[PDB]
Structure formats: structure tokens, C-alpha cells
């Protein structure tokens, strides 16, 4: 089949590449509206921080290389502007010529992802971070204006990694967020170490704070405070790239996302949707779910590859919502339903704080583990973990537990790999089951 793919990054490039693994005959074409394919989205703050300085780590492929290795045609600077599903084509604007044309398909795979929100000020010094063009522009602005003070707006994982990397590059960032509900995938009371990591390093922040006006480098805030910055990086959420889909027969939800079944099929035959654009359901509870993260784009890429050119009995079973962020010395990680989704069950909380490993062993640090569970069937609903060490391990295990519909009580039976550098003969996880 002729396969057309919209978006040439996490969902899109990966999915094309998986299809090629199974099917060597079909013509595959990818339209990417911007300059680069398969940039490393998650590496971007580390590029800013000058932690990652080799471009080969920023960009996995170019169109020419992708064609030479995989025989996939990738057209950068090509924006898909409508889906003509009845005729089976897409209308595509070549942004270099401003010429538009139709491309036909047997299968269409939508992986357009999300775009960053802007705050809306007319400003030369304000940037958002979503792709590698952004990254290059922030790098260049910094060098050209010898940037010292940067204002970081927003408090999700992207803002946090950017803040940290700016600091490590040797700039002086300040963090503002419009409310006190920072890092909101994490339990609100378990986020305090973000604030302490800021204070320890004397990195200024103000919560319940917003930019009110901008006049060159003079920034006025809603607290009334007035300050000079050389740069602003705005991480205030994202919106789905689905405007171009609205005129088609593809069902969109009222937030502009694409509901799909366990095959990543849309309501329209032959059209798939994957990545941040796509919503599905939870694996362990009967609720809808959207998990705009990297594992999901990759896993769906694999399933859709199967659906099309391999084993169509392979189906998605739903999301767990496993996520994680590093911020300075601390790790923040959770899986399961979001905090606000908890209200939908009759639930209970158990928690424990302990050394990640043996106390006598050098370089310990308390690790806080929290698990919520359904009171009517004892099933794990959500877990959260924060600590300088071993949060990732605990949440990866609870992720596998949830996968298998485990009860909180059965956590006493988890057989841990024990030695002093690694955990405890009764691990925090076992302790969760005992304390339940």
C-alpha cells in the first residue's frame, strides 16, 4: 500500500521505520511541516544547557539519509493543510514554493503532535521550546546578546529541565508560575523538593506570578514587581496540531484530540492516529486517557506497523501513565490515574519514606513512596515516588504490577533484589503492602 505519514518525529518517523521493517515493497512518504525530521525532542533542554554538544545526538536522521537507509521519502517544510478522506488524499502546502498539491494514500498515519502555547506578547526576547529550530534560535539569541538573566515561565517538566540547563550553562534564571500547582503530574505535596533545590542554589522563583507587560528588556509582573531580563523562555502548556483535520470526517473530541480504538484506527477506515494527538483509555481502569509521552508514541508506532504490514491481532491494552522527571538531585515519578482523576473511585492512601538503600551504606537519601488503591477491589490506582535515589526503580516495578491488575496487598510478595547499596530486605514496595 501507499502509506502517507504526517509528522516525521516520535510517532511518525518511528512508525514509518517499523513499517519498512515488515514490508519492503510499499511506497512510504512522510510530510513534515518544519525543517528537521527525528530530532531528539527530549534532548533539547540538554542541548541548551550545553550538556549535549554533538549535533548527531540532536538529530537522528536527515531526509537524504533516511531515504538511503530505509527508502522512505521524507519531505520537510511540507505542511499538510487538509485531509480529503473521501477521495483518499491529503492537500499539502510546499512551504518553499507556496505551491499546494494532493497526495493520494492507501493508508494515512497521523502523528502531528502538539505545539507550544505562547503567552501572546509582541516580543523579540521570548522563546518557546518544541523543536530543534527553536533550540538553535535560543542558542543563537543567547550568544548574540550575551544573555545573563533569563525568565522561565511555567512549571511543567519542560520548564524545569530548561531552568536547570540554563543554570548549568552558567546563566541566572528566575522561575515564575501562575499558581502554586507546579509539576502537576506529581502529587502536589510531593513537589516541595523542587522549591528546596531552587533555594539551596539561590535560584529565585515566584509562584502565583505572571508577566503583565513587556517593554524591551523591562518586564512588569502582576505582583507589581518590575525587573530587567535578557531573555524569556515560555513553557505554558501545548495545544494539539489538529486544526488541519477539522474539515475532514475524522471525529475529534472537543479539545481537538483524536479518539482511537486499540488498533489506533480513527472512526475513518484506513486512517490511523498516534502520539500526543491520540487519546485512548487506561489499562487498569475503565477511563479515557491521554498520555502525550515518548513511550506511547513508540508503542503505537509498533502496533500500527503491525496492523498494516504484520500481525493485526497485536492490539493496544491502554495506558498506565508512567512518567518521570529529573530536577537537579531529585527524581519525580508517577504512574496510574492523574491526581484529579482519583475523585472517581472510592480510594485509600498508603505511604512510606525510607532510605533508598541500607542506612549505614554511604550516600543514602529518603525516598517517599505513595500508593493509592481502590477500596472495593484492592486494585492499585496510582503510585508516586520522590527521592534523590531509586524512585525510578520503584515506579517501574509498580508499573509492571499494575499491568498485571495486582492488589495493594499482594505487594508483600514482591521479591526484591537485596544488598546494602540497593534496597531493604523488606522494600518500600513490600512496606506499602504491609501498611495497607
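Positions refer to the first chain, counted from 1.
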Q) So which stretch wins on mean C-alpha B-factor, 134-142 or 329-337? A) 134-142
**Q.** Mean C-alpha B-factor comparison - 107-115 and 179-187, higher one
**A.** 179-187
Q. Based on the PDB record, which member of 83, 151, 171, 278 exhibits the highest Cα temperature factor?
A. 171
Q: Could you say which of 384, 398, 30, 406 has its CA atom at the highest B factor, as listed in the PDB entry?
A: 406
**Q.** Chain-relative CA temperature factor third for residue 296
**A.** lowest
Q) Considering only modelled residues of the same chain, in which third does the CA B-factor of residue 436 rank: lowest, middle or highest? A) highest
**Q.** Chain-wide C-alpha B factor ranking for residue 356, given as lowest, middle or highest third
**A.** highest
Q. Considering only modelled residues of the same chain, in which third does the CA B-factor of residue 363 rank: lowest, middle or highest?
A. highest
Q: Using the B-factors in the PDB entry, rank residue 369's C-alpha atom against the chain and give the third, lowest, middle or highest.
A: lowest
